[PDB]
Amino acid sequence: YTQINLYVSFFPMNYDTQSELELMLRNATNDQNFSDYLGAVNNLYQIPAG
Amino acid sequence: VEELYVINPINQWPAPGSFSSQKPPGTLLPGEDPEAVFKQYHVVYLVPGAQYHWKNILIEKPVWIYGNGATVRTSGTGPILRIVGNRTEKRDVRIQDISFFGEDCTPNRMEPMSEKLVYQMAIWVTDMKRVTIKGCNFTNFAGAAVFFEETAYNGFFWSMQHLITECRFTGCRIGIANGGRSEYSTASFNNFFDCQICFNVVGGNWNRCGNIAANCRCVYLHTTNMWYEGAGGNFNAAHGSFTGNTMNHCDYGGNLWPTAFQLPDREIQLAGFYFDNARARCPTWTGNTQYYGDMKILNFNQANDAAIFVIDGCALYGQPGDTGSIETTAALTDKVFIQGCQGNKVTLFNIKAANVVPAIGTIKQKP
Amino acid sequence: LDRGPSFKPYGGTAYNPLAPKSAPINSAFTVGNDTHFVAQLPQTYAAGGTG
């Protein structure tokens, strides 16, 4: 690896519309929920040859 | 019989090193390179009843090869199983129970011998001492079957005690070949069949004590400038023993090879005993059976009453025409004796009547 | 990125692809003693006499 970056697109929201949306997501009841799509626990069990 | 032991899952570790080496204890599987196995071990077993394919296997250290009924085939211009030694080896070589085959089937017996076919052998020992070829089967070789070369040694170190016993040679153009200075070894009870030359003798002082040569054109060849001389060539030659052998049907009957041989210098007419060398003496000749087998005594060392060729206790038995006839040079009539013999009525070319006891055979002259 | 010598992104070959797989080039050999010559000579020019 000779070079590496990280690209983020910033949405150009109006500063008054942003300040209404920021203060709604600083609220403790507006926590962002996420969940893994697989939802599983890997458990690899060996089978001997034969 | 069902293995219901419980198991815990693997913990995403780097696994420890598992190896499965030492799978042959000393054996040699088919399709495996033999040069890396002959280097490591001293005794190499083979898979019983296998089917191998070897070509130009270089052997430097003396090993033993128990064949266990293996079958080694080949294809190409190289020899099988090249054995190159040094002077300093205390161990010995024993090649045993292997059926060496060739790159042929019902071999081309009408093709003349040339430089192309000279490397078609199966065992070529360069200067390894104390080899042993025991219970083998050599079929369909366009060149020699074995060839025991020897380089220039000094100090009366005649040792090199080789054995070639209990072998079966079919269809080979040349049977046991030997280079110069390959002295004092034995080669007995080898049952020849359908060979052109059973012994391309260059080195002397051998001992042949029971070999059977049925349907073979020549048995004992010794000229000047043969094939298969090697380094350290035709020197101190043709001193061996030849006792109790069998060379039936060399000229009449079931013989299939032609008479011409095409030496590197000239062409010659083969016989059952062909001998032409002014510097070499004659081997001992006892107990041999000849049915329809020619003999050509051309030249030996009779110069200062130094050698006399004596046939003793042998069968001659050639009736029809000149089949099985004994041919001598007219300058060698006083030195070829036949004392003790049985014959049907065989043509003797240039042999006096008083020199043969008892009185058998027809005496003619071939000027 | 280096892919190493185990990389071949195609099947067959790219050099003499029409040739029979057993066909040799016009070449000289060294086997045993006789340097064998095997060749194919398209052009024919002249030399009615001794060439």
# chains A, B, ... in the order shown; residues from 1 in each chain; ligands from 1
$ residues_around --residues "residue A:50" --least-positions-apart "5" --cutoff "12 Å" --atoms "only C-alpha atoms" --output "mmCIF file with N, CA and C atoms, in the first residue's frame"
data_model
loop_
_atom_site.group_PDB
_atom_site.id
_atom_site.type_symbol
_atom_site.label_atom_id
_atom_site.label_comp_id
_atom_site.auth_asym_id
_atom_site.auth_seq_id
_atom_site.Cartn_x
_atom_site.Cartn_y
_atom_site.Cartn_z
ATOM 1 N N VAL B 1 -17.754 -47.418 17.777
ATOM 2 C CA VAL B 1 -17.895 -47.570 16.335
ATOM 3 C C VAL B 1 -18.701 -46.418 15.749
ATOM 4 N N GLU B 2 -19.039 -45.445 16.592
ATOM 5 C CA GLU B 2 -19.815 -44.290 16.161
ATOM 6 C C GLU B 2 -19.244 -42.960 16.648
ATOM 7 N N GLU B 3 -18.401 -42.962 17.690
ATOM 8 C CA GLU B 3 -17.564 -41.834 18.123
ATOM 9 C C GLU B 3 -18.408 -40.624 18.542
#
$ interface_residues --of "chain A" --to "chain B" --cutoff "6 Å" --atoms "only C-alpha atoms" --output "PyMOL selection string"
chain A and resi 43-45
$ interface_residues --of "chain C" --to "chain B" --cutoff "10 Å" --atoms "only C-alpha atoms" --output "JSON, numbers by chain"
{"C": [31, 32, 33, 34]}
$ write_last_selection --atoms "N, CA and C atoms" --output "PDB file, in the first residue's frame"
ATOM      1  N   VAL C  31      21.821 -35.628 -29.280  1.00  0.00           N
ATOM      2  CA  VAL C  31      21.542 -36.839 -28.509  1.00  0.00           C
ATOM      3  C   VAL C  31      22.574 -37.926 -28.822  1.00  0.00           C
ATOM      4  N   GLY C  32      23.358 -38.268 -27.803  1.00  0.00           N
ATOM      5  CA  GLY C  32      24.349 -39.325 -27.823  1.00  0.00           C
ATOM      6  C   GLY C  32      25.649 -38.923 -28.483  1.00  0.00           C
ATOM      7  N   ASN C  33      25.703 -39.016 -29.792  1.00  0.00           N
ATOM      8  CA  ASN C  33      26.804 -38.433 -30.547  1.00  0.00           C
ATOM      9  C   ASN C  33      26.322 -37.673 -31.771  1.00  0.00           C
ATOM     10  N   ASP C  34      25.293 -38.174 -32.452  1.00  0.00           N
ATOM     11  CA  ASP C  34      24.869 -37.620 -33.729  1.00  0.00           C
ATOM     12  C   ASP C  34      23.988 -36.399 -33.497  1.00  0.00           C
TER      13      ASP C  34
END
$ residues_around --residues "residue C:36" --least-positions-apart "5" --cutoff "12 Å" --atoms "only C-alpha atoms" --output "list in words"
residues 116 of chain B; 26, 27, 28, 29, 30 and 31 of chain C
$ write_last_selection --atoms "N, CA and C atoms" --output "PDB file, in the first residue's frame"
ATOM      1  N   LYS B 116      23.368 -45.563 -32.171  1.00  0.00           N
ATOM      2  CA  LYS B 116      22.100 -45.127 -31.596  1.00  0.00           C
ATOM      3  C   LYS B 116      21.622 -46.080 -30.507  1.00  0.00           C
TER       4      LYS B 116
ATOM      5  N   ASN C  26      12.219 -26.222 -36.712  1.00  0.00           N
ATOM      6  CA  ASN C  26      13.415 -26.645 -37.430  1.00  0.00           C
ATOM      7  C   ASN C  26      14.609 -26.497 -36.500  1.00  0.00           C
ATOM      8  N   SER C  27      15.172 -27.618 -36.066  1.00  0.00           N
ATOM      9  CA  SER C  27      16.065 -27.598 -34.923  1.00  0.00           C
ATOM     10  C   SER C  27      17.211 -28.578 -35.107  1.00  0.00           C
ATOM     11  N   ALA C  28      18.217 -28.417 -34.253  1.00  0.00           N
ATOM     12  CA  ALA C  28      19.370 -29.295 -34.182  1.00  0.00           C
ATOM     13  C   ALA C  28      19.483 -29.859 -32.774  1.00  0.00           C
ATOM     14  N   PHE C  29      19.995 -31.077 -32.683  1.00  0.00           N
ATOM     15  CA  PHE C  29      19.972 -31.872 -31.463  1.00  0.00           C
ATOM     16  C   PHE C  29      21.397 -32.229 -31.059  1.00  0.00           C
ATOM     17  N   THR C  30      21.532 -32.953 -29.940  1.00  0.00           N
ATOM     18  CA  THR C  30      22.845 -33.398 -29.481  1.00  0.00           C
ATOM     19  C   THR C  30      22.833 -34.827 -28.949  1.00  0.00           C
ATOM     20  N   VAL C  31      21.821 -35.628 -29.280  1.00  0.00           N
ATOM     21  CA  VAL C  31      21.542 -36.839 -28.509  1.00  0.00           C
ATOM     22  C   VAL C  31      22.574 -37.926 -28.822  1.00  0.00           C
TER      23      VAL C  31
END
